[PDB]
C-alpha cells in the first residue's frame, strides 16, 4: 500500500501494457529455484524489474530478477522470476507492488510458489505443499502490506484472509495431482511466514510447529494479502526444500545453499504441475 500512489500503479501497469502485446490473466510469482517456469512460456516477452517504471529493482538476487509475460498452458501469464523479500529491506508495500500492478494489468489470478522449510514430519524434503492457509507472523506485529490508508480503489479496509487460498483451485488441484498419477498425494498445509534472513533455531522450530505451521518461509504471505485485497483468485504451493530440525539432534541440515531440492527436479515437478494447472484456472470468458 504505502509509498506508492494509485497513479504509480496506474502508470506502471499502463506502461507495461503499452509495452507488451500480451494482456495477462494469470500472475505467477516463482519461488527460489522455481524461476524455471519462465522456460515454459511461449511468445515470452521479458522485462527486467529495472526497466519497469516503479517496480522495485533487486538486491544481490537482482542477478535473477525479471518479469516475463508469456503464455503458460493455455493462459496469458506474467511470471515474476525472483520475488522481493522483507529480509532484503523492501518495505512490504514494495515487496507486494507487483501484485497490485498485475491486478491493474488485468490479472485475475495469482499463483504464488515458494521454497520453504518443513515443520510437518510427514513432509519429505522435495515434497510440494499446497497452501491451504497461512499464519502471517510479521503481520501480527504490524508488518502487513496493507498498513497505511486503504485504497478503496483496490479494496476494503479490513479484508478477510480466512479464505485467501482458493478452495476451488485447491480441490481442482488435489484432484489434478491425482489426474497425472503423481504417486504420493499433493501434501497440503499451513505456511508460516517468518521474516529475517536467519534460519529458525530448534526452539523457534518448535513454536512454529505448535502454532500449527506445516511449512516455514520468508515470503508469499505479503503478496497473498494484497492479491486478496484486490480480489485476485489466489492459490499457490510450497516446495519443501529442507526439513527444519525440530529437536537437538542436529548435525542434520536444512541449508538454502542446500536448495538442491529446488536445485533438483523437485522444482521441475512443481513447475510442470503449475503449468498443467493453468487448465484448472477459470477464464474471464466463462462460456458455460
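Numbering follows the first chain given and starts at 1. So that the term is clear: the rigid core is the largest set of C-alpha atoms that superpose within 1.5 Å between two forms.
- Where the structures in 4 other deposited structures of this protein are fitted on the rigid core, 253-261 is the one of 238-246 and 253-261 whose C-alphas sit farther from the shown form on average.
- Displacement analysis by core superposition in 4 other deposited structures of this protein ranks 178-186 above the other of 155-163 and 178-186 in root-mean-square C-alpha distance from the shown form.
- The mean Cα B-factor in the deposited entry runs higher for 180-188 than for the other of 201-209 and 180-188.
- The stretch 168-176 shows the higher mean C-alpha B-factor when 168-176 is compared against 131-139 in the entry.
- You'll see in the entry that, of 250, 32, 238, 54, the Cα B factor peaks at 250.
- Listed residues 122, 83, 147, 157 were ranked by CA B-factor as deposited; 122 comes out on top.
- In the deposited entry, the Cα temperature factor of residue 232 places it in the lowest third of its chain's modelled residues.
- Among all modelled residues in this chain, the alpha-carbon of residue 61 has a temperature factor (C-alpha) in the highest third.
- Among the modelled residues of its chain, residue 219 has a C-alpha B-factor that falls in the lowest third according to the deposited record.
- Among the modelled residues of its chain, residue 26 has a C-alpha B-factor that falls in the middle third according to the deposited record.
- Ranked by Cα temperature factor within the chain, residue 152 sits in the highest third according to the deposited record.
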